[PDB]
Structure formats: structure tokens, C-alpha cells
Amino acid sequence: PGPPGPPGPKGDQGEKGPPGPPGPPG
Amino acid sequence: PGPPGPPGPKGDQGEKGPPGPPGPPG
Amino acid sequence: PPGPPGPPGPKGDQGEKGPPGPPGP
């Protein structure tokens, strides 16, 4: 049997992060 | 007849999220 | 014969939470 193939391509980038914390009070 | 290679590397972390909500009115 | 390339890797983690919002009005 032949050797295993090489590692595959890199995966997709993750989804964008959630909105940040609320700003400071007025 | 080699098997498929190991899975590719994990993708990049997603981009930082957008700015948060405005702070409370003062 | 060597095997073919593996399939695409796992998706990346979600990005970090965003920066703080603007000061209030």
C-alpha cells in the first residue's frame, strides 16, 4: 500500500466576532 | 494505493467584531 | 503510489468581541 497523502488545504476563516461592549455613559 | 492525507490545518480566527452599542445617555 | 491530499481543514474560531461602543450622548 502507498503512503498517506499530504495534509489538506487550510480551512475557512472563522465568522466575525460579536459586537463589543456598550460604550461609557454620556 | 495510499489513503487520504491528514485533515488540513484549521482556518484563521475570524475578524474582530464591530464596535458595541452607544453608552447610556447622561 | 502516495494518497491524494486530505480534505479542507476545520473552520477557524469566531473572531473576538468587538471594541467598546462610543460614549453616550
# chains A, B, ... in the order shown; residues from 1 in each chain; ligands from 1
>>> calpha_fit_rmsd(fixed="chain B", moving="chain A")
0.7 Å
>>> residues_around(residues="residue 26 (chain B)", least_positions_apart="2", cutoff="7 Å", atoms="only C-alpha atoms", output="list in words")
residues 25 and 26 of chain A; 24 of chain B; 24 and 25 of chain C
>>> residues_around(residues="residue 14 (chain A)", least_positions_apart="3", cutoff="7 Å", atoms="only C-alpha atoms", output="VMD selection string")
(chain B and resid 11 to 14) or (chain C and resid 11 to 15)
